[PDB]
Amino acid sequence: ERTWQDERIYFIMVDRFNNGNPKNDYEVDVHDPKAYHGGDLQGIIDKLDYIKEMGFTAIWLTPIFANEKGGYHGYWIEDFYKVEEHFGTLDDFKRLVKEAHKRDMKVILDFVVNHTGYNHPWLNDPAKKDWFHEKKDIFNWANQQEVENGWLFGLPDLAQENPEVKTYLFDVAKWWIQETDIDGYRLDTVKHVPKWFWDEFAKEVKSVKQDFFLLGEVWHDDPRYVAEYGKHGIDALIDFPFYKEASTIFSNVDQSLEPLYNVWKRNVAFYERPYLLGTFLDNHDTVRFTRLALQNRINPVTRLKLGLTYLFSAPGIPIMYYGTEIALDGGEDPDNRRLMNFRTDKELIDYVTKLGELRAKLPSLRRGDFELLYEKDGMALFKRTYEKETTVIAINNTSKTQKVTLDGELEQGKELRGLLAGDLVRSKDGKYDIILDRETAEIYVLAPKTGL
């Protein structure tokens, strides 16, 4: 039976994904990178089969709550109880969950507790002036109390210390769960809100749906700092240490994959739940991974194949940003948030589809241990075992044909059947001679010998 370790997440910025209703396009302007561009909830419903067909088992939507002007991303909330008018109606959103659930797919909403939009009405309500912390910037980022109390980017910082604010937040969190049947929240700006609040928050949402899933965003590349949050009722965290390594390493050839395995060992070290760490190559707050490839003047398609191979075969919960499967280019926000294009070449859509199939099929990729057998200068071999399954992930991130002989690391007299590109490596005298041509990848299941 299904666990969050088994999940593959397709991540969507609602506005930037699929304009499925042309009639809710209010002052949409696709030529202003800070306006609404037209994507909506109808948009997403129409693309459920496309998403599911790729092997994705869950969708994370950027926030859907009514936002003030310029809130095309959803993070400057104006009304916690209202669906953003450009996206749809509440009904449209209930139908979306229904449509995902029909497809066996889970729905995660982005959910914000830290702050309101800049022009939220409460800012004017005299009864609510103690709803907000004193307006101050964050200066010492090493002062965690300052980080929790400051107004990030000048965003009205909610005061969770006030029981009225806390209650309001729990009541909205519980409400969307009881009203729409979502499966989880991706928690924005986790690090700007105090830990004691997450414990209570955690208690409050799971009191309403027992398996309610929480994926927290703690923006930091120190797993020691990120891992603490996991101790406060948050089931999974976004793995920025993974991202920082994966992004850099897979965007150019002849770079060692070894740092990624140390991110693993450190995840085992520091987190209670090392498999429930959301892994990615990019997201809506980062430069597009394709732009890192373009910067290094190297073909982004071949970069993406290697990266996504590792993403889909390593521990954690893969989170592919909409667009990755078309080599969508994009610099810094907002330029990383381009309209999805559905009429491009399908090479990476089919490659991703194979990957998600293999991660579905091969419970060693969702649940197995994770061993580094070999790493030189980008040529890497990993091994993963689960019950009677043993899998071997080979990624040649080097500019040369590589041959690596395994000799005791696998049980002798079998063969490795390459399930990603059709390779075959037969034990010959205990040894497996793994040969990969430059910048290719393979995923092998270890299996009984065959022949003519």
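The numbering used is simple: start at 1 and walk along the sequence shown.
The deposited model assigns a higher average Cα B-factor to 19-27 than to the other stretch when 440-448 and 19-27 are compared. Between the stretches 262-270 and 221-229, it is 221-229 that shows the larger average CA temperature factor. Per the deposited coordinates, the residue with the largest Cα temperature factor out of 209, 376, 359, 284 is 209.
Looking only at 196, 321, 250, 351, the residue with the top Cα B factor in the deposited structure is 196.
The PDB entry assigns residue 142 a C-alpha temperature factor belonging to the highest third of its chain's modelled residues. Among all modelled residues in its chain, residue 392 ranks in the lowest third by Cα B-factor. Per the deposited record, the Cα B-factor of residue 106 falls in the middle third when ranked against the other modelled residues of its chain.
For residue 55, the recorded CA B-factor ranks within the middle third of the chain. Only modelled residues enter the ranking.
Ranked by Cα temperature factor within the chain, residue 151 sits in the highest third according to the deposited record.
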